[PDB]
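Residue numbering restarts at 1 for every chain, and letters A, B, ... go by the order of the sequence lines. Computed over heavy atoms, backbone and side chain alike; hydrogens, waters and symmetry mates excluded.
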Amino acid sequence: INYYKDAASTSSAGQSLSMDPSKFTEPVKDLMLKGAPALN
Amino acid sequence: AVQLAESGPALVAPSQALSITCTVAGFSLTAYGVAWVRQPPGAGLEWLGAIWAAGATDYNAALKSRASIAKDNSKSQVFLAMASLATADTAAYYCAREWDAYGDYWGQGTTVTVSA
Amino acid sequence: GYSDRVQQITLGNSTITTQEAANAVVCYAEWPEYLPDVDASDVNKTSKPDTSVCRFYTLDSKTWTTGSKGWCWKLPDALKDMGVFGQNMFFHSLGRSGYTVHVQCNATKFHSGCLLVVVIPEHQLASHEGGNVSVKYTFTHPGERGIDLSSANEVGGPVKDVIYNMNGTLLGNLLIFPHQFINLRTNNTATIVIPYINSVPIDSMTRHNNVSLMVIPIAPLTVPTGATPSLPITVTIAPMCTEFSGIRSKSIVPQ
Amino acid sequence: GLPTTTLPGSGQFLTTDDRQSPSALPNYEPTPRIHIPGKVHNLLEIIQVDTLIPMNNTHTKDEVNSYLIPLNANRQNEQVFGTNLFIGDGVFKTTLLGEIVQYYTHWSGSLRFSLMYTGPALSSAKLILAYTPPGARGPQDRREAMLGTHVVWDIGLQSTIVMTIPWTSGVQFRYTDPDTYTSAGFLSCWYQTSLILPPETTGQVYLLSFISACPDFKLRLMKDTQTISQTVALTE
Amino acid sequence: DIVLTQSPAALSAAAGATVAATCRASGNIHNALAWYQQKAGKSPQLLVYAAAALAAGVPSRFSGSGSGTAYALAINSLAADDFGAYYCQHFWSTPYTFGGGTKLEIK
Amino acid sequence: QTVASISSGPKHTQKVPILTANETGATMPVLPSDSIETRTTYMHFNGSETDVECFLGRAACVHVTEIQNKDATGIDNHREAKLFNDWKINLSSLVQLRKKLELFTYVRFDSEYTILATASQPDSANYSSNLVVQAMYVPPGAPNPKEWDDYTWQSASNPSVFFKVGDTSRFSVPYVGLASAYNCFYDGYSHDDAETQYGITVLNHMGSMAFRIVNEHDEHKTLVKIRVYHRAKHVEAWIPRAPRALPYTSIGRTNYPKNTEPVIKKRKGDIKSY
């Protein structure tokens, strides 16, 4: 229950539960399979 | 207390062999290698060679045929053996524990005189 | 079949081939795109001078001479004198651009050495004086020649200690930014595709550098015996999805 | 009027409590969020990125050689490097894993350790990367190193081994601060055969060591870090 | 091999002066150089390792510098303990050859 | 119920997951099950505390200033006499929140300010005074206070909060950045000029706060210390950065001091040591 009319007044949203690390750990153009040779 | 005490015969007739030993205290030879450096009186330091921490050896390029370094890991003794001595081998010989592959902890050194 | 080492990038009338590539980095897995209407605030119809600016511009080659600390370029500043892209950068109030940055350093199988080719968004440089001293405009805007990190500190200039990334961080932690290595054993080529990264949809291109490109030797250049103790590094940058808005007179910058 | 009772902790300012508060700016319409790449939702995303370890922290100054692990040619059976695995200390204190680890008290899960060979393409080396789980000492001769978790790494067309450090702590988390009960053990690399260099090449070649987290990595009990400090407040 | 040319042969100086000894190598050492102090009739003592880093128990008067093939050992405000013969040694694979030696004398 | 480790047995295969190329700039998600024989374990863990709204979303002290309740008769400017004090709001003067925020290039959050005021009478007071503090939020372009009791403190359009000393204030402020995020780092200038400031931008400008004791004065002096605490909320963060290693020297600049201490700990032994 929000006691104020502003969205800035509300408490924290919580865990986003996205957890998508591939934009930082695999930013490569060609998909490299785990187990494959990296550069054939 | 890292110590490398040299010991030699110190009076060798020429065209004979050296049996110069370094008894090792404070560390194990399986973990650290030992370098050998001589210094003839008046002149400068000459790197004789190094036995590495697992028995691989490297030598001075001018003295690969004469010198041979071996060790006993259990007895903590490193041996320097120079064959077919000349009179220019009169020098105080040193040992060093290796330290980032640099030589330090230099022993007191035993002077060897090769004369007849 | 097809190798992951043999790549071709054609942009405009420019082509780059490489036969010793690694897999190209697309920064934060995002391809460069034009500004959509839902993000735009500037009401001008943008000019998209596609094949005339979105093409590879080769910068001056750097010689990597075994005591080299590194090199830093600023985008869009490194391309401010590059053809029609350089002209549209000064005649327009606004501009956004992604980049394909391509770095070249070939060697023999006998050479060794490793370059860190990294792209840093908003690489705010530190002064060498500390305190509250700023870096002057002409030092964060060197153009084609970039910043040579092995050169000495100059009054008004940035700090050039490569271990602290010119900003007070550490060299090892640059790998959180989109990067590649040119390890001479493996590749002669780093290819990084950068999108437009900013808190604003479109921005002034002359007063602001969106990304910096640092090419940093991590493992030093060891040449074989009797070889030339120097390898040329060439950086070739192509703008991508380049918009320009707010056309006016040619802006005069400090130089 | 509702009869209320006031509890303990009333009027306290718990800095970590997450309540609603009145807005100083009613009807304020903030700037539209445009799409910016690289949005971070969770710090476990970005500690899966590998960053360089300064394994060669044997100098009296921060330099690039601190990240370079030297290999030597005529070496059988020897040790390349060794370290303990206190990831909030030592060689790991300055890495991106270790910097974010120091914002938390407890860590669990597996580490991802990478070595990158950077010598010439006509050089060859076989190395053995050992993880010693705790209880034993740091290994001394490669014979007690390979009794633990190890990877033998032939160096060829792919310059990177990725050794995981698997999790060994029935005490389900460890401390990020160095604690003897929650020591993670030891990491060491040894010459499996040796480094062979091609002709007309001399000297040392270098390894680059990377650390990151596996996706089973856990962090909890958020705390202040020992990295940054301050004497006086900063000014403009 | 790598020949270390250490220069000069002798440097006579009084206590409190700035003295620089120089080693020029025939190949790139990549900063794998050691400086040694040897007094009269004593064992050599490691002063500077890695061409810039002072060893354990070395006074801060000594300062190694240089990179590539040229390396310098500078002493700020010489003391009486700082006299003797100084030696380079590189450590780039092998052989670990020495320089010629700089002897510090008293005016 | 997320699987932390799968059961893996002996493998003898051409698929080698633990050999790769770091040259590609990618980190391969190599599991423990890729190089040892594992058992099945479960996470029992969601990663809720390493969430960036949990990470940046607790209250940090961002500013400590002092104001004095004091007889103002015969005082020139009232700001050097600490009768009022203005603070340009920034999250980079105190370094513990600064290092957390500067893990990211761009950050967007609604703010949540907690202002604690504490008093002290260092000499010759018969009583502790019941004092009220005005914290007036002063946006750029508002008339700044020059007196402790001038017309600017009427605050017809500026947000003010009245609160007792010893008590605390609390109010949220929305994201007031002009751009879609705050710039933690700004590689640039306000304009193309040879002498303009580098990195100091209005892209992380959050407003200003002006503080005064609203009480007139007593016989004794009262030293009121104000402690603004900031909690970020509805946090969005972009472009994770290399963490700060060196001490900071100023607000808004990445400068580090000359002749600083080495941040990497030197090892006692060689690279082989433990």
Side-chain angles (χ1 to χ4, degrees), chain C residues 22-25 28 39 74 114 117 120-138 140 159 164-170 172-183 186-187 190 192 197-201 204 206-212 251-254, chain F residues 20-27 99 102-108 177-201 203-204 236 238-260 262-264:
Chain C
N23 195 354
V25 165
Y28 307 100
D39 293 334
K74 298 289 187 182
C114 191
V117 175
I120 304 167
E122 301 295 328
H123 191 199
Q124 178 176 352
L125 299 179
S127 177
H128 67 277
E129 294 293 328
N132 55 1
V133 179
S134 70
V135 181
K136 300 289 177 66
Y137 185 86
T138 59
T140 54
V159 69
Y164 300 127
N165 301 327
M166 305 170 72
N167 62 6
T169 55
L170 275 168
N173 292 319
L174 285 180
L175 276 69
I176 189 58
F177 297 117
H179 68 283
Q180 287 196 359
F181 289 96
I182 298 172
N183 194 3
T186 300
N187 55 351
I192 295 170
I197 303 166
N198 205 349
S199 62
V200 302
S204 177
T206 59
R207 71 183 178 181
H208 181 206
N209 290 316
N210 295 313
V211 293
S212 79
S251 67
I252 303 299
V253 294
Chain F
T20 182
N22 285 326
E23 292 85 358
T24 61
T27 310
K99 189 185 182 295
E102 291 185 353
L103 290 171
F104 305 103
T105 304
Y106 304 110
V107 66
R108 174 170 177 162
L178 292 171
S180 292
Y182 295 118
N183 275 85
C184 297
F185 292 88
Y186 181 65
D187 189 4
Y189 299 90
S190 67
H191 65 297
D192 292 325
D193 188 70
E195 296 293 327
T196 183
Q197 292 296 318
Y198 180 68
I200 305 299
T201 186
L203 291 168
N204 58 2
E236 293 171 355
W238 293 270
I239 311 298
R241 299 181 71 86
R244 182 74 176 184
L246 295 173
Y248 294 102
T249 60
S250 64
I251 290 166
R253 295 177 180 90
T254 65
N255 300 328
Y256 59 88
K258 293 179 69 66
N259 294 318
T260 184
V263 62
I264 301 166

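Across C:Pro201, C:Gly168, C:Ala126, the residue that shares the most heavy-atom pairs under 4.5 angstrom with chain F is C:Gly168. If you tally non-hydrogen atom pairs under 4.5 Å between each of C:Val159, C:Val117, C:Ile182 and chain F, the highest count goes to C:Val159. Among C:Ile176, C:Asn23, C:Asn173, the residue with the largest count of heavy-atom pairs under 4.5 Å with chain F is C:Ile176. Note on C:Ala190, C:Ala22, C:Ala24: by heavy-atom pairs under 4.5 Å with chain F, the leading option is C:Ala22. Chain C forms the most heavy-atom pairs under 4.5 Å with one residue out of F:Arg244, F:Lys258, F:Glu23, and that residue is F:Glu23. Interface remark: of the candidates F:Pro243, F:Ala26, F:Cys184, F:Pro243 forms the most heavy-atom pairs closer than 4.5 Å to chain C. Note: F:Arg253 leads F:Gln197, F:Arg108, F:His191, F:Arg253 in heavy-atom pairs under 4.5 Å with chain C. Most heavy-atom pairs under 4.5 Å with chain C: of the set F:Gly177, F:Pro240, F:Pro257, this distinction falls to F:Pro240. Highest contact tally toward chain C, considering only F:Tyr106, F:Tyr182, F:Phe185, is held by F:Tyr106 [criterion: heavy-atom pairs under 4.5 Å]. Per-residue counts of heavy-atom pairs under 4.5 Å with chain F were compared for C:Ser212, C:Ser251, C:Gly130; the largest is that of C:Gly130. When the candidates C:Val200, C:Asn187, C:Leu174 are compared by the number of heavy-atom contacts under 4.5 Å with chain F, C:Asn187 comes out ahead. Chosen from F:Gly199, F:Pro247, F:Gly188, F:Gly252, the residue pairing most often with chain C at heavy-atom distances under 4.5 Å is F:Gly199.
Looking only at atom types and distance, the side chain of C:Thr140 has a donor-acceptor partner in the side chain of F:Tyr189 under 3.5 Å away. Under 3.5 Å, the side chains of F:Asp193 and C:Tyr137 contain no donor-acceptor pair of N or O atoms. Between C:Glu122 and F:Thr105, the side chains place no donor N or O within less than 3.5 Å of an acceptor N or O (distance only, hydrogens not considered).
Annotation: side-chain contact (heavy atoms from CB on, under 4.5 Å) contacts of C:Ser204 (sequence neighbours excluded): C:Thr206, C:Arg207. Under the side-chain contact (heavy atoms from CB on, under 4.5 Å) criterion, C:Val133 pairs with C:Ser127, C:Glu129, not counting sequence neighbours.
When heavy atoms are compared at a cutoff of 4.5 Å, F:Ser190 approaches chain C solely by way of its backbone atoms N, CA, C and O. In this structure, no portion of F:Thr201 lies under 4.5 Å from any heavy atom of chain C.
The side-chain heavy atoms of C:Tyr164 and F:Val263, taken from C-beta on, include a pair separated by under 4.5 Å. Within the 4.5 Å cutoff, the side chain of C:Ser134 has no heavy atoms near those of the F:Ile200 side chain.
Rounded to the nearest 0.5 Å, atoms CG (C:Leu170) and CD1 (F:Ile264) are 5.0 Å apart. A distance of 15.5 Å separates CG in C:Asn132 from OH in F:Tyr198, rounded to the nearest 0.5 Å. We find the CG-CG distance between F:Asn183 and C:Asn198 to be 6.5 Å, quoted to the nearest 0.5 Å. Between the CG atom of C:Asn183 and the CG atom of F:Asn22 there is a distance of 9.5 Å, given to the nearest 0.5 Å. The CD1 atom of C:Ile120 lies 12.0 Å from the CD1 atom of F:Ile239; values are rounded to the nearest 0.5 Å.
Here the closest heavy-atom approach between residue F:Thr24 and residue C:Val25 is recorded as O-CG2, 3.3 Å. Shown here for C:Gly131 and F:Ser250, the closest heavy-atom pair between the two residues is O-OG, 3.0 Å.
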Residues C:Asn167, F:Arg241; criterion side chain to side chain contact (heavy atoms under 4.5 Å, CB included); working and verdict: CA-CA 11 Å; C:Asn167 62 6; F:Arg241 299 181 71 86; 4.1 Å; yes
